[PDB]
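Form deposited in one PDB entry, single chain, as structure tokens, below.
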């Protein structure tokens, strides 16, 4: 009777903490293993791969786009994806945005992250990048829904990422429910056969 939850919890066991040192000054900001830039690129590609899973249901193909919660559709049909990567609009190149010299970096994904976790609905991070914080589904991503293992409200210290793909409930529509469940089986098969030594992944699909 409520939305269906497909979910991943991702950790980076072989990755160390690192230190963001802001420019021109500012105090050091620690960043947990899974907010390493290379880990975030890997996770974005896993997320996109999930977005492009297709299941076979009799003579139809079922995509996530067919079954996902797209509350702003038909005008914005982007699937709702609650993920830290949506602060970068699920874009490798936004994630790599940086303002810097040959010696110094004035703004980068650290800056954007630190701003967005406090202003998730903002269209402009007020920094030299001027990047939006809104996810590509047109809505905000609250930091406590997509990060775990941090202390207080220091989301930069997160030790796990939470990625959620809401799917329609299809209450009183068993036919479409069949397609959603076929896609969920394919989701499970994919993730259970995805082994990346730099990542641990807990994964669940709706019962």
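Only residues modelled in both forms are compared. Each form is matched to the other, and the largest set of C-alpha atoms that superpose within 1.5 Å is called the rigid core. Residue numbers count along the first chain shown, from 1.
What follows is about the form solved in complex with a partner chain, which we do not show.
K.L.:
With the partner left out here, check for me: in the bound PDB entry, does some heavy atom of residue 151 sit within 4.5 Å of the partner chain?
P.N.:
No, residue 151 is distant from the partner.
K.L.:
So, residue 138 and the partner chain: in the bound PDB entry, are they within 4.5 Å at any heavy atom pair?
P.N.:
Contact with the partner chain, no.
K.L.:
Although the partner chain is absent from this view, report whether residue 121 comes within 4.5 Å of it in the bound PDB entry, heavy atoms only.
P.N.:
Close contact is absent here: in the bound PDB entry, residue 121 is far from the partner chain, nothing within 4.5 Å, heavy atoms only.
K.L.:
Even though the partner isn't displayed, in the bound PDB entry is residue 26 close enough to the partner chain, meaning a heavy atom within 4.5 Å?
P.N.:
Contact check for residue 26: yes, within 4.5 Å of the partner chain in the bound PDB entry.
K.L.:
Just one of 63-71, 26-34, 140-148, 160-168 has residues with a heavy atom within 4.5 Å of the partner chain in the bound PDB entry, so point it out.
P.N.:
Stretch 26-34 is the one.
K.L.:
Sticking with residues common to both forms, list the runs of three or more in a row where every CA moves 2 angstroms or more between the shown form and the other one, core superposed.
P.N.:
These are the shifted runs between the shown form and the other one: 22-26, 102-104.
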